[PDB]
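Here's a solo chain for you in structure tokens, the form deposited in one PDB entry.
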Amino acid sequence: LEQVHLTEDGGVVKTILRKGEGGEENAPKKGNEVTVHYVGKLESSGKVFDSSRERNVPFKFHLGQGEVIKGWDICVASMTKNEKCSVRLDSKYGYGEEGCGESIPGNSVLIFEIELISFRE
């Protein structure tokens, strides 16, 4: 087991499933475009609400710029190339009391399996 508490409130907890390359040169940096695959589920039901794997299209975003939910910017910033994790996000690090659309109720804990495939600038 390695369950990394990335925030001190226990709201972002990254369980490492497969260790990445591990280097200092090996983590993305702020403003980098990252490429990931992910599978997102609600903790409450365990049901998947979004999967880039199902779409067969890797997801790209720019790190640390608020293009994704807070818990993603925190989690991905902690990953190394080829790392696969399962991250548990309290609602404060996801969509909060409001929720998001039909699939994510208010105050939902989200669990994402994230695999960091590559990054560049």
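Residue numbers run from 1 along the displayed sequence.
There is another form of the same protein, the form deposited with a partner chain bound; it is not shown, and what comes next is about it.
Residue contact check for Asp50: one or more of its heavy atoms lie within 4.5 Å of the partner chain in the entry with it bound. Looking at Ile111, you'd find every heavy atom of it more than 4.5 angstroms from the partner chain in the entry with it bound. Taking non-hydrogen atoms only, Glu67 approaches the partner chain to within 4.5 angstroms in the entry with it bound.
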